[PDB]
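Reminder, nothing fancy here: chain letters follow the sequence lines and each chain counts from 1. Computed from heavy atoms alone, side chains included, the values below leave out hydrogens, waters and symmetry copies.
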Amino acid sequence: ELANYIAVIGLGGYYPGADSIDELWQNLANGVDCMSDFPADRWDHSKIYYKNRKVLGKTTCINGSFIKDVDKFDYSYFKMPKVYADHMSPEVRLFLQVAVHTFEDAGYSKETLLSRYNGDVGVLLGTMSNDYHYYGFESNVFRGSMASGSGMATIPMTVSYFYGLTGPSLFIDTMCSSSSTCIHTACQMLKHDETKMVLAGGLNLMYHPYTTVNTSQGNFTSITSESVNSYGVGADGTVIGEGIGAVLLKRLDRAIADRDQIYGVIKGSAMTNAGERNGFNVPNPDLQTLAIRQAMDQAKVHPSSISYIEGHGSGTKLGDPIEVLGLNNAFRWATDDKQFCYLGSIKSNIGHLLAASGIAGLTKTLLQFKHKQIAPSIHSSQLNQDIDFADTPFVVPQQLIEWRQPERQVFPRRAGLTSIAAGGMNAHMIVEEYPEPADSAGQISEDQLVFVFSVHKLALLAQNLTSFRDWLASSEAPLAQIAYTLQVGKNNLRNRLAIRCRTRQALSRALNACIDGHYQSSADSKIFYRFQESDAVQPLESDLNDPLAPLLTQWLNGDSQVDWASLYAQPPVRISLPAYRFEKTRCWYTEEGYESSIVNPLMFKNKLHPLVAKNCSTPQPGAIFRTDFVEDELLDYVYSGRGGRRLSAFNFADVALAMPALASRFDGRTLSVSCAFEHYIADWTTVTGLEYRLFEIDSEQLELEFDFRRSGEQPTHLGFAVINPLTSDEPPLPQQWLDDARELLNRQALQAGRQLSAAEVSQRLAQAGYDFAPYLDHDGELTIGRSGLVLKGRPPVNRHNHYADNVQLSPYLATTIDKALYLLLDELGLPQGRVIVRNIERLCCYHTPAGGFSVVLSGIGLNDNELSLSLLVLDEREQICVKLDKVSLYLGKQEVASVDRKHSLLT
Amino acid sequence: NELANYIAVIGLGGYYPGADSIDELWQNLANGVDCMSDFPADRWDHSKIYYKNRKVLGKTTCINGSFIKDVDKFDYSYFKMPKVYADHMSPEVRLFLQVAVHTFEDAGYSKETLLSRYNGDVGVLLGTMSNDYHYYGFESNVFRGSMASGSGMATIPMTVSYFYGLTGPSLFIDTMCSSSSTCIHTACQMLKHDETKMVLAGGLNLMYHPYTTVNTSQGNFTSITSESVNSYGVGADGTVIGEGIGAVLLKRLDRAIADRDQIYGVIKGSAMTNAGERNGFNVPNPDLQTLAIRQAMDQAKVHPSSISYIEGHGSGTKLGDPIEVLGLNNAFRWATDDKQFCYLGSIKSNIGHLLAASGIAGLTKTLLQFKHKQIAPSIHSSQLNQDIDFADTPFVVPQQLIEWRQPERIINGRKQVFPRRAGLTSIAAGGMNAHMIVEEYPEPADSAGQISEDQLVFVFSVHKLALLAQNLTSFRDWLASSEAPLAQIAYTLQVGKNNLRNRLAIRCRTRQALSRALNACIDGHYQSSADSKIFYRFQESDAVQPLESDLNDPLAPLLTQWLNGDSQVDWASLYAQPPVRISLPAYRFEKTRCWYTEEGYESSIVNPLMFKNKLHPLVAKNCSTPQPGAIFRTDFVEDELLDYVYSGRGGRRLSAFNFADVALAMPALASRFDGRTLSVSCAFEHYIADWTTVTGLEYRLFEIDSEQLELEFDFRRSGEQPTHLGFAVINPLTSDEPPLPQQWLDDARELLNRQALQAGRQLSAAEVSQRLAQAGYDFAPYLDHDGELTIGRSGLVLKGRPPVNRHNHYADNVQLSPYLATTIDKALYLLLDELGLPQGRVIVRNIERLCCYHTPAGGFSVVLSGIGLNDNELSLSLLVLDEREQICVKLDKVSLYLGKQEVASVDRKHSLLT
């Protein structure tokens with residue numbers, strides 16, 4: 001039956017929070033959460049983030065997990081021109097590095113694959129995205145440009161090309177189960193002797209911001225959680241992470257004969273599709289169960305003998321319980337025993353790696369075999385309430401524990417691994433530990449020990465050796481396994497170094513003499529090298545009676561096929577050596593500060609100002625600007641009230657402030673503006689445009705007429721503003737006004753007088769028929785005083801438009817003022833009063849504060865049908881950010897008759 | 001035992017260019033029909049993105065292709081899906097889903113039958129090299145918040161598996177061009193090892209987004225000269241991409257024989273290899289192709305002499321075709337010294353290279369060859385590839401439709417008659433090779449089965465009553481050309497069509513009765529008669545014409561269950577022997593348009609923002625202030641202005657006449673003189689010898705009064721302040737306007753006649769080209785169609801022919817095109833040359849009274865006359881006329897500046913001045 005089993009002989013990958021596979025294990029073993037924020041060096045996530053799916057074009061993904069150096073690629077090492085690497089998908093580049101790590105980890109240089117198998121090796125992998133082509137597409141939207149990105153099949157075939165492989169090179173996509181499907185396929189290929197080894201794996205990356213927009217619209221990721229709570233407190237959805245992984249697979253009889261490292265044995269694997277169900281993305285537990293049973297059957301293993309399951313564990317309310325039901329039904333036909341098998345998921349640590357979820361899971365499980373420990377499965381200190389684990393075979397491990405061989409006969413450590421595709425595909429495989437051989441150190445005479453290293457760049461030699469020296473200090477491996485694997489399992493590159501010695505001491509000293517750059521061959525070591533890059537040679541002085549002399553002479557001279565094995569009476573078993581340190585040269589289609597239009601779309605960046613799109617001036621005196629009013633381009637500005645969609649009058653204050661720069665005028669000066677409205681737009685729904693006319697009246701003064709229009713109608717005149725530069729010249733603030741604000745702010749910090757919570761402020765606005773979603777609905781506390789009122793605001797971190805750099809008086813602030821004004825109306829006995837601004841006199845605006853602010857209304861008076869008042873906006877340090885001498889409000893028929901003239905505020 | 005090693009093809013479907021059914025495709029193949037066509041106008045205007053070579057980034061060199069119809073249409077209702085969902089879904093998923101139905105049904109397996117027989121244990125395996133629908137939503141998101149579009153690759157197979165409730169492996173697999181063959185190969189192994197009961201395998205290629213062709217063009221593997229794939233023929237530069245969607249239903253041979261399926265053919269052996277070590281990612285190794293062929297042959301236990309047809313990759317490249325034939329020869333010649341006994345062709349000659357679908361296309365042709373016992377011609381090979389010595393090979397490329405004989409050989413003393421056997425080969429650019437050996441299979445003697453003719457009923461169902469008449473018409477048309485026994489039609493209708501909500505049954509014993517009844521139903525008269533009884537239940541409208549109780553009649557219960565809407569109905573119990581499945585006509589899906597955009601949409605890829613964000617190609621944006629005058633500014637970027645810039649000795653050049661066009665554009669930019677004919681004069685105050693250094697252009701426009709605009713224009717260079725360039729006056733014409741002076745018209749007349757007659761001193765197009773070349777000009781990529789020059793006593797004329805493909809196909813306010821401006825620069829240079837300045841500099845000082853009455857649609861003539869030399873100024877009058885000889889542009893006077901050594905060098909006695 002050994003011809004039916006498959007050995008994993010090689011393991012590699014890049015994972016978030018770890019620089020090596022062994023660092024990955026320490027993180028797992030120590031329950032480290034490896035999720036993090038979207039990294040600032042890719043894009044600024046605050047510019048595309050929004051809390052729910054209702055604003056199209058943003059993403060609801062709060063965070064993820066990320067590998068380092070996604071843009072780095074050693075193009076020189078893979079004999080590729082740089083311009084080519086710059087245009088090639090990172091999926092291809094980084095998988096190519098991971099492939100070298102996995103072959104090398106297994107103890108198979110390129111040259112050894114040719115010798116042993118004449119390249120008869122397959123490569124199978126999948127990914128669910130490959131978005132690099134967007135760089136060239138987007139550039140082509142603007143200008144004639146080079147396409148970017150690589151076809152999916154280019155990923156495996158480039159590995160096969162670089163390594164000269166003749167076995168099957170396939171890209172396979174089965175969504176989330178893709179890497180497991182590749183692993184399963186590899187096993188069949190190997191079982192039936194179609195190729196001698198297979199490299200199988202997968203990846204998931206998120207280097208383009210649109211990847212997260214598309215993910216968000218797929219509606220399967222959480223909009224609340226920053227973690228994947230595998231079998232714990234179920235979320236609305238999963239969280240996506242990054243990674244790249246591969247295993248090298250060989251049929252078991254052959255791996256034994258070849259004396260490979262065997263991380264574990266795959267003894268059964270099975271796939272099923274969900275089948276008939278109601279909903280594309282809905283699982284059928286029974287078809288999961290079936291794959292699990294087929295895998296166990298094929299492995300000839302009774303389910304009592306399984307002691308660990310690496311579950312899918314994607315973290316959802318409804319997927320997790322379904323998965324466990326699937327597992328339970330796959331066990332309980334054979335036993336009634338409860339909570340004898342551990343159940344976890346690496347998703348808890350690094351998130352859902354989509355196509356790579358299967359290989360990530362297998363990586364953890366193999367690591368557990370190797371250390372004979374079960375890692376914690378985190379974010380599950382509270383277990384999913386819809387799962388009754390006590391009636392299952394399963395316990396979710398909360399700490400690092402000894403993986404004991406279970407007794408029931410003592411059984412070896414056996415695990416099952418499950419991967420589940422959204423679209424229906426399931427995979428389960430049974431894996432078992434394998435014992436290290438008794439004779440794994442091999443046999444070589446000591447005077448024939450030599451340690452050979454090669455790098456492609458002399459710049460990197462010091463690093464590669466430094467990395468190898470520290471690994472050595474804490475390695476347990478016999479010197480003959482290290483020597484043999486260096487000889488047979490490292491790509492033989494152009495700068496070559498040999499250290500002949502027979503102890504660890506000597507090897508370290510020698511290493512340090514090389515790292516320090518002098519290469520003085522000590523008493524306990526001889527150092528030889530040939531560095532073809534520089535032509536430097538420290539020649540081997542050779543001997544007649546010495547089998548090693550010619551072999552070493554060939555290697556140093558650059559030959560690629562040296563009979564190292566002849567030095568050994570028995571070959572040592574292969575071992576894991578530290579990964580080659582690739583050169584980290586950036587290869588990317590764009591400059592580093594680049595922001596895709598996905599971050600700033602053209603509804604923002606094609607406008608001079610969010611409410612002033614285009615200059616349409618004619619040779620006539622005066623400048624003319626025009627804007628198409630499209631509500632969805634202006635989600636920062638428009639809100640609902642009783643009787644229609646609205647937009648603060650104070651936003652036209654921000655337009656008046658922006659005008660002098662649009663006229664190359666009053667540069668660097670801060671401005672006063674007044675503004676008078678001759679019409680009230682109760683419903684902006686059918687407004688199609690805005691027009692502005694700007695006139696220079698003299699050197700000190702600009703005037704702005706503005707209008708709107710609707711489909712089919714002539715223009716309607718809207719308003720008129722006057723804009724002046726500001727100076728030291730203007731009077732000090734009246735003392736009465738500052739006293740009132742001092743007193744109002746103090747009753748807010750102390751909470752005296754009529755006082756409404758944010759929640760109560762929300763209900764008043766809600767019951768008045770206001771809706772401020774998606775960007776204007778953060779409400780603050782209200783203080784009502786003897787002399788006026790204060791309403792706090794806190795601008796959202798995420799707004800719609802993060803491009804415009806000329807918005808001084810922000811729409812959040814503007815709208816916050818509209819709210820203060822309504823609340824004043826309410827306070828004066830007008831719970832339904834319309835806020836109609838007739839006039840604004842002498843508004844100065846330094847900036848909208850990035851933190852909280854307070855809006856203060858005082859000096860409130862009523863005359864005929866006008867409610868006048870003074871307004872200030874202070875920040876959290878109580879620095880005045882806006883000062884506005886007088887707002888005049890217009891009170892309709894109904895407002896005049898209803899208004900409470902008694903009110904203390906008024907008198 | 002051994003038959004369990006072989007895989008039967010029991011079903012066949014697809015969509016291919018120039019064919020509305022698989023039968024029509026055979027007819028096209030049998031008749032040698034070229035199915036390539038122009039990029040279709042109902043998708044995009046190819047002339048706006050085409051360029052002849054790869055030097056212009058953003059365009060495509062793809063001349064043509066092949067295309068299926070109705071790439072935008074999808075029966076979302078049949079597939080139980082909201083329309084909005086269908087609209088955002090990749091056509092790859094949508095169309096493969098329809099083809100999957102055709103293929104299951106062609107095999108004779110409804111959904112309900114797949115469930116009863118195998119519990120859905122059926123796999124789905126396909127690939128494609130493109131899925132570009134996501135660009136609609138990406139592009140829209142570049143502009144505004146928008147829904148994403150497109151489906152992931154694995155959504156294609158899993159959607160079929162979802163709709164059919166299948167539990168077998170559902171995989172997307174990409175091995176580039178060999179993808180569909182890799183899928184069929186993989187299916188065979190899964191079926192051999194009994195991992196699943198049947199597999200649907202296939203592939204597809206589509207080009208519905210213009211960018212797909214841009215990306216292909218930059219891949220540098222398609223011909224820039226040929227409108228055909230010349231498989232094994234001459235003129236093989238690079239391949240040409242075609243569209244198609246194909247699948248086959250596969251089952252293990254023993255199971256297929258036992259179930260009495262239609263067996264189109266038997267796959268007896270299949271192997272895959274990768275190219276391995278080699279010099280160049282896209283370079284083949286013929287030895288690894290040979291290894292694949294040998295392994296397939298070994299696996300089928302076939303001697304190479306027994307193979308009588310090969311469906312070659314045949315991609316029509318200069319390097320690939322000889323290499324492929326080398327690989328095939330090496331795979332054969334070890335076994336036989338026979339030459340030219342086996343036919344070799346490729347369906348790519350008819351429909352182009354279907355990339356991932358190349359293999360299932362080739363398999364489709366081969367299975368049709370077996371069915372008809374004929375070898376189809378392989379076209380575009382009447383002259384054979386000159387680097388292939390075919391007489392030293394086993395192979396000949398068939399030029400006609402020929403009968404496929406069972407080949408026969410006495411081998412090692414024993415007469416062997418072999419069945420028709422074919423080898424098929426698919427090759428990927430990146431290394432992967434597939435070869436499979438496929439063999440004809442004989443039709444059973446008793447395929448008609450047995451049933452009492454009283455138990456014949458013909459059952460039909462549709463999802464929408466509105467499509468009923470159409471489906472019955474298509475069945476009736478098929479029926480009129482078919483002699484299939486009635487029992488087989490009845491049974492395949494019973495087990496092999498998805499059972500849908502509107503159900504119709506015609507019960508009758510003969511053809512004549514069935515045809516009568518179909519005619520009736522088709523017309524909406526569903527009444528029974530002596531020779532036929534008609535029953536139905538249309539759940540959609542709730543109309544019922546039920547049968548009556550007959551305790552005796554075997555058909556009553558089953559028919560009642562079926563009409564009532566039951567899925568599990570034991571039709572097989574009517575038959576003493578079940579008939580063999582036959583192919584019935586495809587269901588006619590509703591052709592509703594599901595697309596992300598409206599019809600008429602052009603991607604920015606067609607009109608990029610470097611064109612569409614400008615008010616005019618030379619006038620990007622208004623930057624005016626409140627002071628009188630309008631101000632415009634433009635960033636000078638040569639690559640955004642390929643229509644405009646050329647090279648001369650000094651450097652990069654831009655015709656001065658382009659500024660007359662800018663002036664002509666101005667009054668519309670200022671809302672002035674709408675509709676009126678304009679007159680423009682301009683004076684140039686500086687000559688730019690190399691435009692390379694120019695970074696920007698600035699324009700100031702002023703109203704002098706009612707009837708006059710003045711335009712000032714400057715340029716700037718990096719880190720310099722604006723330099724002045726010139727000054728235009730723009731006035732509208734009155735109809736106070738005198739006609740053209742008579743002399744001037746006489747001269748033009750005579751000169752155009754001299755041109756039409758090829759009279760006097762003429763320079764051919766080639767000579768004019770060398771005059772300019774020897775003077776250091778280069779007009780690539782857009783301004784280089786040099787025409788003939790005619791010189792007479794008093795003027796000259798140069799012919800212009802504006803190329804169909806230019807850089808900017810978006811601007812609508814270009815009246816004097818840059819091609820015409822630059823053609824004027826050429827004429828003026830040729831004047832200088834003829835006056836004795838073969839290296840003369842054209843420096844335009846002044847343009848007096850230019851009117852552009854119309855814009856030539858195509859060809860034109862530039863006429864120079866009234867030529868004078870006064871001090872250092874060469875002045876002339878100029879006309880542009882179109883092919884009808886209507887005056888498009890008239891210009892009283894151009895003034896050229898000549899330097900002093902130029903003034904000394906001119907021939908003062910030349911007739912042009914005399």
### Query
Considering residues at least two apart in sequence or located in another chain, which fulfil the side chain to side chain donor-acceptor pair (under 3.5 Å) criterion with B:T625?
none

### Message
I'd like to verify something: which residue of A:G144, A:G167, A:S177 has the highest number of heavy-atom pairs under 4.5 Å with chain B?
### Response
A:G144

Hey, what do you get for [atom1] ([X]) to [atom2] ([Y]), rounding to the nearest 0.5 Å?
X	Y	atom1	atom2	answer
A:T185	B:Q189	OG1	CD	11.5 Å
A:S596	B:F138	OG	CZ	4.5 Å
B:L166	A:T272	CG	OG1	12.5 Å
B:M176	A:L170	CE	CG	11.5 Å
A:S145	B:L57	OG	CG	6.5 Å
B:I605	A:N140	CD1	CG	5.0 Å

### Task
Could you check whether the rings of B:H134 and A:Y134 sit parallel, tilted or perpendicular, using 30° and 60° as the cut-offs?
perpendicular

### Task
Classify the ring geometry between A:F171 and B:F172 as parallel (under 30°), tilted (30 to 60°) or perpendicular (over 60°).
perpendicular

### Query
Is chain B contacted by the side chain of A:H800, its backbone, both, or neither, given a heavy-atom distance below 4.5 Å?
neither

## Note on the structure
Honestly, the part of A:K614 sitting under 4.5 Å from a heavy atom of chain B is side chain

### Query
Sub-3.5 Å donor-acceptor pair from the side chain of A:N615 to the main-chain atoms of B:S624, do we have one?
yes

### Task
For B:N274 and A:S169, indicate whether the former's side chain and the latter's backbone hold a donor-acceptor pair under 3.5 Å.
no

### Message
Under 3.5 Å, is there a donor on one side chain and an acceptor on the other for B:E703 and A:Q620?
### Response
yes

#### Entry: Contact leader toward chain A among B:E640, B:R278, B:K612, where contacts are heavy-atom pairs under 4.5 Å
B:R278

### Validation row: B:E277, A:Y163 side chains within 4.5 angstrom (heavy atoms)
no

